[PDB]
Amino acid sequence: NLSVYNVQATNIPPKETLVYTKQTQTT
Amino acid sequence: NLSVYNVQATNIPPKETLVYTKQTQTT
Amino acid sequence: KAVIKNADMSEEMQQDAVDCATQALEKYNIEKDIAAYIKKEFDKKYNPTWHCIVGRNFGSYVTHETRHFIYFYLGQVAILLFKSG
Amino acid sequence: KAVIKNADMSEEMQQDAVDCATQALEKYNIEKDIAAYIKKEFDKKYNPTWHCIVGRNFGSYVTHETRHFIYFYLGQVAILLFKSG
Amino acid sequence: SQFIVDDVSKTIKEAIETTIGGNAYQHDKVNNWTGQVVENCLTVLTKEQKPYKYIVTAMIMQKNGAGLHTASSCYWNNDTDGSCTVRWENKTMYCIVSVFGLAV
Amino acid sequence: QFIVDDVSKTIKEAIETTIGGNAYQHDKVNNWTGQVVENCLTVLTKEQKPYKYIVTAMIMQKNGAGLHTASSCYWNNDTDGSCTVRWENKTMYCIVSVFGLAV
């Protein structure tokens, strides 16, 4: 009488802000 | 017959780990 | 009389950080107070969370987020300033 | 041979701070490389993101996370180290 | 009767825009919002007086840069039964509401 | 009889399937979600009982954003039955529910 039926998929992909590393020496 | 139900439930808010502000100098 | 050693950020920000620090460097005489003044001022304008070091002898490994990093001298006094978190 | 100056964190974490500092001290000659050593080591063990500053006369105003900050002397080298972001 | 998909999504919309239309995210409030949104449709598709059973869900997620992922299959009779999902952003939180329409 | 304690285990077995012991990242995520819903479905339709089944499963990077759900439903309050369970690691909160209903 009955069987499976369709997914309902919705997704909001992350993002994760950017970041750089840095190195610095005085004199 | 037909009725209403709960309401379980889930609820997980943010946390933003605490933070302090300290200052240092050298001798 | 200020030399920019390495910068990520940002004409206006950059030149704002520069011209600030100079104020700092004439009101306050103690190195840790110069940092205080700059760190505070930036949280006000450009939003937490900023960090400042101000020193003659030091080196640094640090992690910042984009267009929010600056490292320059005022004569001998070097300023490290960046945002992170 | 350490002198702790200012501590937030961890005893056990306090240790790995001194412990692996002591290591950078003898492995590397230049302040910057010391910093980088201690940073990475701590990023790895205790999860991003950390920041290390090493020098002799510098001043500092920073924001850290509760129980993730330390600033201490090794010999006469200032070592500052904290997590933020 | 049966399950008009528009006569739910138009009915959801009103709910969403009623409860969380014109305010940003705030913890002390959210859970009472979701509480309403859902106990609001139900109050509407039961007045409707159809020979149906229903299930009604609401998500609300803060916009902070976390990554959310939906998935929803079911096991009904495709001819008698049906369901409506609805998605609603502002600045400070996304939001997803999904009502299902199983027959007796 | 909607054996809720037994169908409890069934859902906790949707972690001994897919990467319910690895960690989370963006480009490979929508493989898991769909599959978690799929496998939990087969093992109650194999049983062919007089139930219908709705089943949802949700996944949210552990970033520090707030998350809130709502479970208002309307059914035969004696034969129809719900099961929701929660499981998390250090990467991700994960949250799954299933609904059985009558005839």
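In order, the protein sequences belong to chains A, B, C, D, E and F. In case it helps, my numbering puts the first sequence at residues 44 to 70. In case it helps, my numbering puts the second sequence at residues 44 to 70. In case it helps, my numbering puts the third sequence at residues 697 to 781. In case it helps, my numbering puts the fourth sequence at residues 697 to 781. In case it helps, my numbering puts the fifth sequence at residues 15 to 118. In case it helps, my numbering puts the sixth sequence at residues 32 to 134. From the three backbone atoms N, C-alpha and C, an ideal C-beta is built for every residue, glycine too.
Short Cβ contact (8 angstroms threshold) for residue i with residue j
{"i": "residue 114 of chain F", "j": "residue 38 of chain F", "result": "yes"}
{"i": "residue 762 of chain D", "j": "residue 747 of chain C", "result": "no"}
{"i": "residue 766 of chain C", "j": "residue 705 of chain C", "result": "yes"}
{"i": "residue 779 of chain C", "j": "residue 757 of chain D", "result": "no"}
{"i": "residue 710 of chain C", "j": "residue 720 of chain C", "result": "no"}
{"i": "residue 63 of chain F", "j": "residue 73 of chain F", "result": "no"}
{"i": "residue 126 of chain F", "j": "residue 70 of chain B", "result": "no"}
{"i": "residue 94 of chain F", "j": "residue 45 of chain B", "result": "no"}
Whole-number beta carbon distance between residue j and residue i, since they are thought to touch under 8 angstroms
{"i": "residue 755 of chain D", "j": "residue 751 of chain C", "result": "6 angstroms"}
{"i": "residue 29 of chain E", "j": "residue 104 of chain E", "result": "With 8 angstroms as the limit, residue 29 of chain E and residue 104 of chain E do not qualify as a contact, their Cβ atoms being about 15 angstroms apart."}
{"i": "residue 47 of chain B", "j": "residue 105 of chain F", "result": "5 angstroms"}
{"i": "residue 741 of chain D", "j": "residue 733 of chain D", "result": "With a Cβ gap of about 13 angstroms, residue 741 of chain D and residue 733 of chain D do not count as contacting."}
{"i": "residue 72 of chain E", "j": "residue 100 of chain F", "result": "7 angstroms"}
{"i": "residue 86 of chain F", "j": "residue 116 of chain F", "result": "With 8 angstroms as the limit, residue 86 of chain F and residue 116 of chain F do not qualify as a contact, their Cβ atoms being about 12 angstroms apart."}
{"i": "residue 60 of chain F", "j": "residue 34 of chain F", "result": "That belief does not hold up - the Cβ atoms of residue 60 of chain F and residue 34 of chain F are roughly 31 angstroms apart, past 8 angstroms."}
First through last residue of the alpha helix (DSSP H) which encompasses residue i
{"i": "residue 726 of chain C", "result": "Element bounds for residue 726 of chain C: n/a, residue is neither H nor E."}
{"i": "residue 29 of chain E", "result": "20 to 33"}
{"i": "residue 66 of chain F", "result": "60 to 76"}
Residue burial classification, residue i (beta-carbon count within 10 angstroms, cutoff 16)
{"i": "residue 50 of chain B", "result": "exposed"}
{"i": "residue 59 of chain B", "result": "exposed"}
{"i": "residue 726 of chain D", "result": "exposed"}
{"i": "residue 15 of chain E", "result": "exposed"}
{"i": "residue 59 of chain E", "result": "buried"}
{"i": "residue 707 of chain D", "result": "exposed"}
{"i": "residue 771 of chain D", "result": "exposed"}
{"i": "residue 80 of chain E", "result": "buried"}
{"i": "residue 122 of chain F", "result": "exposed"}
{"i": "residue 111 of chain F", "result": "buried"}
{"i": "residue 31 of chain E", "result": "exposed"}
{"i": "residue 717 of chain C", "result": "buried"}
{"i": "residue 61 of chain E", "result": "exposed"}
{"i": "residue 36 of chain E", "result": "exposed"}
{"i": "residue 67 of chain A", "result": "buried"}
{"i": "residue 61 of chain B", "result": "exposed"}
{"i": "residue 749 of chain C", "result": "buried"}
{"i": "residue 43 of chain F", "result": "exposed"}
{"i": "residue 743 of chain C", "result": "exposed"}
{"i": "residue 54 of chain E", "result": "buried"}
{"i": "residue 700 of chain D", "result": "exposed"}
{"i": "residue 764 of chain C", "result": "buried"}
Limits of the beta strand (DSSP E) - the one that residue i falls within
{"i": "residue 703 of chain D", "result": "698 to 704"}
{"i": "residue 752 of chain D", "result": "746 to 760"}
{"i": "residue 14 of chain F", "result": "Examination of residue 14 of chain F is not possible in this model, given that chain F is present from 32 through 134 alone."}
{"i": "residue 87 of chain E", "result": "86 to 88"}
{"i": "residue 118 of chain F", "result": "112 to 119"}
{"i": "residue 777 of chain D", "result": "773 to 779"}
{"i": "residue 53 of chain B", "result": "Where residue 53 of chain B is concerned, there is no enclosing beta strand (DSSP E), given that its DSSP letter is neither H nor E."}
{"i": "residue 88 of chain F", "result": "83 to 92"}
{"i": "residue 63 of chain B", "result": "63 to 68"}
{"i": "residue 765 of chain D", "result": "765 to 770"}
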